[PDB]
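J.: Input: one structure, supplied below.
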Amino acid sequence: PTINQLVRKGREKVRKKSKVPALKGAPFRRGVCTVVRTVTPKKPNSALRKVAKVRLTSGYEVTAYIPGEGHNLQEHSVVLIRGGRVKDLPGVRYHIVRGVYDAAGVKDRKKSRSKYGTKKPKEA
Amino acid sequence: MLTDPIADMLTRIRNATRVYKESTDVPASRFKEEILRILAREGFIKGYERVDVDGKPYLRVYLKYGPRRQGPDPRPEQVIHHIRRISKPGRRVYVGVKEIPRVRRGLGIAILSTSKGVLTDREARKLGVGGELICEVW
Amino acid sequence: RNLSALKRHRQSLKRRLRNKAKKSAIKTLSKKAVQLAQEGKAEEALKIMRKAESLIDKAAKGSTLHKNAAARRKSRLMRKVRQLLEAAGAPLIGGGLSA
Amino acid sequence: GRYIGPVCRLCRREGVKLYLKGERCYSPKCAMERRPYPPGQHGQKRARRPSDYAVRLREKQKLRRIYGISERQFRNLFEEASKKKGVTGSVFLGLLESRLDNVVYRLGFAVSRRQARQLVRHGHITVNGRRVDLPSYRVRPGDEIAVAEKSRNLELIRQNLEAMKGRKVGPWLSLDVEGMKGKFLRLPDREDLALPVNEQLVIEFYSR
Amino acid sequence: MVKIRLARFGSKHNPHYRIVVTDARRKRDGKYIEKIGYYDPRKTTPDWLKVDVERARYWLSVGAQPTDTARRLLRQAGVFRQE
Amino acid sequence: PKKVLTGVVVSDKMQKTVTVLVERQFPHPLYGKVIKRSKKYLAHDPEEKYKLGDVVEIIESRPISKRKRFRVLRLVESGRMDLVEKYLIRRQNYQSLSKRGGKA
RNA sequence: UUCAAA
RNA sequence: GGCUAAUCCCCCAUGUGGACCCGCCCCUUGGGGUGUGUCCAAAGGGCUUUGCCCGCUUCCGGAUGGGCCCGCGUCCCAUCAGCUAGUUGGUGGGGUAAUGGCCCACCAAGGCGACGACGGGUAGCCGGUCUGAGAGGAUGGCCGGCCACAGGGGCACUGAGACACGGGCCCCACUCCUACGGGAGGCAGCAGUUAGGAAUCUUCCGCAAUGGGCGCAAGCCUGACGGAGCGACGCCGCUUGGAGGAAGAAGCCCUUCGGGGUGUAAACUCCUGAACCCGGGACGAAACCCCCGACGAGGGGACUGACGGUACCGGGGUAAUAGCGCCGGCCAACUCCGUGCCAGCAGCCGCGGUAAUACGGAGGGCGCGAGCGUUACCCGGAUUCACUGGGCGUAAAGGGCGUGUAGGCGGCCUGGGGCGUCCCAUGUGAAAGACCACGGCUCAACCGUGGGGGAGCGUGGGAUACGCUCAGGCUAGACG
Ligand SMILES: CN[C@@H]1[C@@H](O[C@H]2O[C@H](CO)[C@@H](N)[C@H](O)[C@H]2O)O[C@H]2C[C@@H](N)[C@@H](O[C@H]3[C@H](O)[C@@H](O)[C@H](N)C[C@@H]3N)O[C@@H]2[C@@H]1O
Ligand SMILES: [K+]
Ligand SMILES: [K+]
Ligand SMILES: [K+]
Ligand SMILES: [K+]
Ligand SMILES: [K+]
Ligand SMILES: [K+]
Ligand SMILES: [K+]
Ligand SMILES: [K+]
Ligand SMILES: [K+]
Ligand SMILES: [K+]
Ligand SMILES: [K+]
Ligand SMILES: [Mg+2]
Ligand SMILES: [Mg+2]
Ligand SMILES: [Mg+2]
Ligand SMILES: [Mg+2]
Ligand SMILES: [Mg+2]
Ligand SMILES: [Mg+2]
Ligand SMILES: [Mg+2]
Ligand SMILES: [Mg+2]
Ligand SMILES: [Mg+2]
Ligand SMILES: [Mg+2]
Ligand SMILES: [Mg+2]
Ligand SMILES: [Mg+2]
Ligand SMILES: [Mg+2]
Ligand SMILES: [Mg+2]
Ligand SMILES: [Mg+2]
Ligand SMILES: [Mg+2]
Ligand SMILES: [Mg+2]
Ligand SMILES: [Mg+2]
Ligand SMILES: [Mg+2]
Ligand SMILES: [Mg+2]
Ligand SMILES: [Mg+2]
Ligand SMILES: [Mg+2]
Ligand SMILES: [Mg+2]
Ligand SMILES: [Mg+2]
Ligand SMILES: [Mg+2]
Ligand SMILES: [Mg+2]
Ligand SMILES: [Mg+2]
Ligand SMILES: [Mg+2]
Ligand SMILES: [Mg+2]
Ligand SMILES: [Mg+2]
Ligand SMILES: [Mg+2]
Ligand SMILES: [Mg+2]
Ligand SMILES: [Mg+2]
Ligand SMILES: [Mg+2]
Ligand SMILES: [Mg+2]
Ligand SMILES: [Mg+2]
Ligand SMILES: [Mg+2]
Ligand SMILES: [Mg+2]
Ligand SMILES: [Mg+2]
Ligand SMILES: [Mg+2]
Ligand SMILES: [Mg+2]
Ligand SMILES: [Mg+2]
Ligand SMILES: [Mg+2]
Ligand SMILES: [Mg+2]
Ligand SMILES: [Mg+2]
Ligand SMILES: [Mg+2]
Ligand SMILES: [Mg+2]
Ligand SMILES: [Mg+2]
Ligand SMILES: [Mg+2]
Ligand SMILES: [Mg+2]
Ligand SMILES: [Mg+2]
Ligand SMILES: [Mg+2]
Ligand SMILES: [Mg+2]
Ligand SMILES: [Mg+2]
Ligand SMILES: [Mg+2]
Ligand SMILES: [Mg+2]
Ligand SMILES: [Mg+2]
Ligand SMILES: [Mg+2]
Ligand SMILES: [Mg+2]
Ligand SMILES: [Mg+2]
Ligand SMILES: [Mg+2]
Ligand SMILES: [Mg+2]
Ligand SMILES: [Mg+2]
Ligand SMILES: [Mg+2]
Ligand SMILES: [Mg+2]
Ligand SMILES: [Mg+2]
Ligand SMILES: [Mg+2]
Ligand SMILES: [Mg+2]
Ligand SMILES: [Mg+2]
Ligand SMILES: [Mg+2]
Ligand SMILES: [Mg+2]
Ligand SMILES: [Mg+2]
Ligand SMILES: [Mg+2]
Ligand SMILES: [Mg+2]
Ligand SMILES: [Mg+2]
Ligand SMILES: [Mg+2]
Ligand SMILES: [Mg+2]
Ligand SMILES: [Zn+2]
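Protein chains in written order, with the deposited numbering: chain L, 5 to 128; chain H, 1 to 138; chain T, 8 to 106; chain D, 2 to 209; chain P, 1 to 83; chain Q, 2 to 105.
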């Protein structure tokens, strides 16, 4: 553009669109569950990934993914959300923090135990 | 019309050299002449004559290149491998004395105009002054 | 509860009252002085005025009017009274007026 | 606490024998002595052409393990040296050097640096008088580093210091085996060091 | 009513004051009209108490009411010795 | 120093007052290219002296009315109505740029 | 038909 | 309803002096001075007693603080283009410390806007902070400066000052006593409670220090403040040992069953002693006061520590917590087993359908270490809004085409001005911060002292090439 134009028009700033609008950008947010079904992955994948329609304290109803290999989540279980895409199953943009509220940590987990909220095996 | 006279000359020069011409004329303007004095005194152009083409004041500029070379492309080296206009109309560039650019670790000049006359960067930094940064060359 | 800074509220009321009075008095004579000057009665026109200049200045003595406030009030009064006696007047009493 | 575990193990991950144990790391058995390949059940296997990063990563670890310092500490010094005037690469070096726990070993009062550290953290050292238990503590030029009166007569200090007599020291250090004194004359130049490290790389590692 | 006083610029258990001219209504450690000295209540340094004597002798000439301690220090530096 | 500015009377339709338009040249803060920018002040014409077109020197004065804190100090050059043109024409330009276009 | 795989 | 004191209120007087009208000078917006006329003062109390002290009155000036006004700079939406009757200006007037449509009466048509008015949305601003090569972007908690508000909405009173957080009145909502007629109340002060939330503290000690109020002083009040307490939330320092020690225990894992790993690692030998115990134990505090002197300089002496019996010092003295992430490529680090497009992983490219260095476990390895990870947000990389520093034939991107308004941009020569531009001098740029050098805590973090810069703007003086403007001339552009 001519300089005049810039002086006239001016350059335009680019705003960033959040990928996790489960409000206040708050690191985490809690909600109660509703549906706790399983879903099929996008191509080229297959399995029954565990999801859950959560009713957040931010007034929203989003579907959060349940990591780990086993869970104890039912109807009105309260749980903490934390954002994290789930590449496959679209629509899912948040994760369920395990080990917080009615979402127990995975069992016998010995590796990356910090995630999946499992205490440290006392080791005999 | 002829939008920007100086930027024109700096080009007629630039072009005339890429084809390796003897000289090249340009419309006569004192300011242009003063600019040439600098190009002359710096070893960029063998010099300039005041020839009058068609009965209209001109400025025959005599260009200078290098020596023939080895291998493919024996074309001489340019003395002026760069001459870019700076302060152009519709965005004038004015510099204080302590903001006068060191043109390529000093191997090039920077014809700038001050109220003490048209001088090179060194010249005006010496005289301690600033002005319209007419252009650069190297 | 209680703040014995009520003695302050108590007092303002007692003051508010004293001021309100001095003021009303000033305003009343001022008006009353202009009334007569604007009737060509240069006699008690000044007498009442001169007797209001003091009421004003005095009010300023303490913390009722204070400063330029009294100054102004007086200026405004002597001005009206002079140019209002511009109807055969002739400041007889002289009063607060350099004739 | 600065590391604290298997040492004559890193010795053999940097391919250079880091005398990190003093004696034994000096005499036939430094682990590097007959077992130069890396630890773990994969050491002897051929090695893949290390990446530009891979390299600077070791060349740093090497230098850092030599002084047994923590990354947390290592960074600050470097960042401080990066600011200080002059060739950052050396200035970094002569700074790691100015560490008490180091100058102590450099003076010999202790064999290795790990031991040299324990001496300081236990009060067995004095800088121009007055005790000092700060391994990091900066040793400026002219400062004298002696052994506490109350400890000059200790089972260890003896042997270590007796072992000195004769053995010289850096063109920046000066001893006094007598009363067990020593003085920090000059700040070692890059030249004064024989470090098996190309500091130039460790610069290029943070210059990342 | 301006005063010559101290403004604590130390740290926890490491006090350091600044003798200053200032309207008594400002907060202890706020903007002041001028600094005319600095006292170190613990003499951690050979020079624990310096004080511009001229400026002092001046602010006093126009009001600068010195707090008690302010006065003491100004005194112990000959602000008031009239030989 | 009470700020003194120079401008052109573009309005005399007020009682004991005049609208003075003042221009100010300068390099643009980011793109450099120098630009003109103007502002008009309502100056005090005590004895309806200065008339439309004149060029006057306005001086920072004591408040006279909401929006009007300048008195006309003196006259530099007279009635050059050519300047007033650049102005009136611009305002007259505004006529368009509305809801149903306008005229060039 | 889908997903790979040279 | 009645009685009463004063530094409470009032009248008269004296008046250095100050206030007002008019006239006249000098100044120049309402500044200063004159000459007639007029107007205005004041408590008293204490004594080491006709002498001092704490006060009082009218002035002038100083110092500090504050009103008001002006130039310039300060967010998004043009799918907000017209806005405006106290509106714009006038003449009187009221109000105030003071200018002003600040409010009122009457008069005049005016004022603002694409250089973005008006409407809508978002937001306390700044010193600075983070980031960045810089330009720039993002921020404004803590500390310091302005501002605004004190349940919501209005008011004025007192007073040097307020339109008052812990003052007053009224209206609305709510809470609590009520004899149901009425009343009382505002933690966005320190703590604390409850609610909302992913989340943010003790209903602590003290007035010793500094600071503020009143007081002649003693002294009193001070959740300002100085200290503790809880929280890895952050920064800095520090320990969980040091030196020996097998051609290399066992157990684990791997194996072409030769052998290889963990491993100098451990066991074990000696060595120093975090913890803990004993004893000593402070800086921060010397003034106010009292005495000598003169209630002055100057000298002398007495009080006084929350922190804290703590820090620190001396002596004694036990070997005395480690985790978390990761290892297909980017990206530093590999193998065995179990799984069989299942279970699961996943920042991007991607892994798992019977041999998986990618899933889960194990051995081993890499990174960092009282921390290590994950999530959210800011800058960078991103010359990916390109001013520095991009592009548009076919990648996204030339308006379908003109005409011409505003605007941007203007050929050669000479003069004047000096707006832009440039130069010198000077004022300012508070403190903290950043940078440099010294110095204090054993280092450091932290803190102290000093110093050097700096954009911007003000003022005085100067330059005139280029741009601008005024005034002439030209013919090479353009038109005829
Ligand atoms: C006796 N109080 C202790 C204090 O003692 C020290 O400072 C006092 C200051 O007056 C001295 N009087 C005392 O003699 C001295 O020893 O040191 C602090 C150190 C601080 N990081 C924290 O640690 C805690 C951690 O923060 C926490 O995470 C952990 N779980 C427990 C730790 N104690 O709380 C303690 C606690 O307040
Ligand atoms: K219109
Ligand atoms: K009564
Ligand atoms: K005064
Ligand atoms: K002011
Ligand atoms: K008016
Ligand atoms: K901002
Ligand atoms: K299998
Ligand atoms: K695995
Ligand atoms: K980014
Ligand atoms: K098109
Ligand atoms: K069209
Ligand atoms: Mg969220
Ligand atoms: Mg697949
Ligand atoms: Mg994510
Ligand atoms: Mg060129
Ligand atoms: Mg440029
Ligand atoms: Mg009282
Ligand atoms: Mg009446
Ligand atoms: Mg450096
Ligand atoms: Mg007016
Ligand atoms: Mg089919
Ligand atoms: Mg498939
Ligand atoms: Mg293939
Ligand atoms: Mg009665
Ligand atoms: Mg008198
Ligand atoms: Mg007199
Ligand atoms: Mg007069
Ligand atoms: Mg009297
Ligand atoms: Mg009397
Ligand atoms: Mg009285
Ligand atoms: Mg109005
Ligand atoms: Mg008035
Ligand atoms: Mg008026
Ligand atoms: Mg807000
Ligand atoms: Mg950049
Ligand atoms: Mg900023
Ligand atoms: Mg807060
Ligand atoms: Mg603040
Ligand atoms: Mg409010
Ligand atoms: Mg509230
Ligand atoms: Mg209210
Ligand atoms: Mg209110
Ligand atoms: Mg008062
Ligand atoms: Mg009042
Ligand atoms: Mg109040
Ligand atoms: Mg109120
Ligand atoms: Mg207020
Ligand atoms: Mg309150
Ligand atoms: Mg509270
Ligand atoms: Mg809750
Ligand atoms: Mg706290
Ligand atoms: Mg106190
Ligand atoms: Mg006090
Ligand atoms: Mg109380
Ligand atoms: Mg208390
Ligand atoms: Mg506090
Ligand atoms: Mg060992
Ligand atoms: Mg022992
Ligand atoms: Mg003390
Ligand atoms: Mg002391
Ligand atoms: Mg006391
Ligand atoms: Mg005496
Ligand atoms: Mg004394
Ligand atoms: Mg790798
Ligand atoms: Mg994983
Ligand atoms: Mg299958
Ligand atoms: Mg199958
Ligand atoms: Mg991997
Ligand atoms: Mg730490
Ligand atoms: Mg960018
Ligand atoms: Mg560009
Ligand atoms: Mg740009
Ligand atoms: Mg591009
Ligand atoms: Mg196409
Ligand atoms: Mg295209
Ligand atoms: Mg086209
Ligand atoms: Mg045009
Ligand atoms: Mg035009
Ligand atoms: Mg031109
Ligand atoms: Mg033009
Ligand atoms: Mg000219
Ligand atoms: Mg100029
Ligand atoms: Mg300056
Ligand atoms: Mg500063
Ligand atoms: Mg030091
Ligand atoms: Mg400093
Ligand atoms: Mg000329
Ligand atoms: Mg002409
Ligand atoms: Zn070794």
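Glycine included, C-beta positions come from ideal geometry on N, C-alpha and C.
(1) Whose Cβ in chain L lies nearer than 9 Å to the Cβ of residue 34(Q)?
(2) Just tell me which of 104(D), 76(D), 180(D), 161(D) has its CA closest to the CA of residue 172(D).
(3) For chain Q, find out if any of its Cβ atoms is closer than 8 Å to the Cβ of residue 93(H); answer yes or no.
(4) Consult DSSP for residue 135(L) and reduce its assignment to one of helix, strand or coil.
(5) Go ahead and pull the three-state DSSP assignment for residue 98(T).
(6) How big is the Cα-Cα spacing for residue 44(L) and residue 92(L)?
(7) Of all Cβ atoms in chain Q, is any one closer than 8 Å to the Cβ of residue 90(H)?
(8) Give, in chain order, every residue of the stretch 13-30 of chain Q whose Cβ lies closer than 7 Å to some Cβ of chain L.
(9) Taking residue 67(H) as the reference, which of 138(H), 92(H), 77(H) has the closest Cα?
(10) Determine contact between the stretch 17-24 of chain L and the stretch 54-64 of chain L, defined as no fewer than three beta-carbon pairs at a distance below 8 Å.
(11) Between the C-alpha atoms of residue 14(P) and residue 27(P), what's the straight-line distance to the nearest angstrom?
(12) Would you say the stretch 29-47 of chain H touches the stretch 26-43 of chain T, given that touching needs at least three Cβ pairs under 8 Å?
(13) Taking just the CA atoms, how far does residue 105(L) sit from residue 130(D)?
(14) By the three-class DSSP mapping on this structure, what secondary structure does residue 27(Q) have?
(15) Run the CB neighbour count on residue 11(D), radius 10 Å, all protein chains shown included, and call it buried at 16 or more, exposed below.
(16) For residue 206(D), name the three-state secondary structure that DSSP assigns.
(17) Taking just the CA atoms, how far does residue 19(P) sit from residue 72(P)?
(18) Between which two residues does the alpha helix (DSSP H) holding residue 64(T) run?
(19) Check the C-beta distance from residue 162(D) over to residue 110(D) and give it rounded, since I have them as a contact under 8 Å.
(20) Near residue 32(P), what residues of its chain come up, given a Cβ to Cβ distance below 6 Å and the 5 sequence neighbours on each side ignored?
(21) Might you give, ordered along the chain, the residues of its own chain that have their beta carbon closer than 7 Å to the beta carbon of residue 38(Q), omitting 5 neighbours on each side?
(22) Determine, using beta-carbon pairs with one atom in the stretch 4-16 of chain Q and one in the stretch 55-66 of chain Q, whether at least three such pairs fall under 8 Å.
(23) Which residue marks the beginning of the alpha helix (DSSP H) containing residue 77(H), and which one marks its end?
(24) Classify residue 127(D) as helix, strand or coil using the three-state DSSP reduction.
T.: Short version:
(1) One-based indexing of the sixth sequence puts residue 34(Q) at position 33. 7, 8, 10, 11, listed in chain order.
(2) Along the fourth sequence, one-based indexing puts residue 172(D) at 171. Residue 172(D) has its Cα closest to that of 104(D), out of 104(D), 76(D), 180(D), 161(D).
(3) Residue numbering aside, residue 93(H) sits at position 93 when the second sequence is read from its first letter. True, the Cβ-Cβ gap to chain Q drops below 8 Å.
(4) Here chain L has residues from 5 to 128 only, and residue 135(L) is not among them.
(5) Your numbering for residue 98(T) matches position 91 in the third sequence. DSSP places residue 98(T) outside both helix and strand once states are collapsed to three, so it counts as coil.
(6) For this step, residue 44(L) is matched to residue 40 along the first sequence. For this step, residue 92(L) is matched to residue 88 along the first sequence. Each residue's Cα considered, the two are about 9 Å apart.
(7) One-based indexing of the second sequence puts residue 90(H) at position 90. Taking Cβ atoms only, chain Q reaches closer than 8 Å to residue 90(H), which makes this a yes.
(8) Flagged, chain order: 29.
(9) Here residue 67(H) refers to the residue found at position 67 of the second sequence. Of 138(H), 92(H), 77(H), the residue nearest in Cα terms is 77(H).
(10) With the cut-off at 8 Å, the stretch 17-24 of chain L and the stretch 54-64 of chain L do not touch.
(11) As a working mapping, residue 14(P) is identified with position 14 in the fifth sequence. As a working mapping, residue 27(P) is identified with position 27 in the fifth sequence. Taking the CA atoms as reference points, residue 14(P) sits about 20 Å from residue 27(P).
(12) Contact between the stretch 29-47 of chain H and the stretch 26-43 of chain T is absent: fewer than 3 CB-CB pairs across the two stretches fall below 8 Å.
(13) Walking along the fourth sequence from the start, residue 130(D) turns up at place 129. Walking along the first sequence from the start, residue 105(L) turns up at place 101. Inter-residue distance for residue 130(D) and residue 105(L) is about 59 Å (C-alpha atoms, whole angstroms).
(14) If you number the sixth sequence from 1, residue 27(Q) lands on position 26. If DSSP states are grouped into helix, strand and coil, residue 27(Q) belongs with the strands.
(15) As a first step, residue 11(D) must be located in the fourth sequence, where it is residue number 10. Here residue 11(D) is buried: its Cβ has 16 or more other Cβ atoms, across all protein chains shown, within 10 Å.
(16) Translated into positions along the fourth sequence, residue 206(D) becomes position 205. If DSSP states are grouped into helix, strand and coil, residue 206(D) belongs with the helices.
(17) Residue numbering aside, residue 72(P) sits at position 72 when the fifth sequence is read from its first letter. Residue numbering aside, residue 19(P) sits at position 19 when the fifth sequence is read from its first letter. Residue 72(P) and residue 19(P): Cα-Cα distance of roughly 11 Å.
(18) Mapped onto the third sequence, residue 64(T) falls at position 57. Residues 49-68.
(19) Taking the fourth sequence and counting its residues from 1, the one referred to as residue 162(D) is at position 161. Taking the fourth sequence and counting its residues from 1, the one referred to as residue 110(D) is at position 109. The Cβ separation is near 7 Å, so the contact holds.
(20) Against the fifth sequence, residue 32(P) aligns to sequence position 32. 20, 22, listed in sequence order.
(21) In the sixth sequence, residue 38(Q) corresponds to position 37, counting from 1. Within the same chain, residue 38(Q) has close Cβ partners 25.
(22) These segments touch.
(23) Here residue 77(H) refers to the residue found at position 77 when the second sequence is read from its first residue. Residue 77(H) -> no alpha helix (DSSP H), and no H or E assigned at all.
(24) Position 126 of the fourth sequence holds residue 127(D). Strand at residue 127(D).
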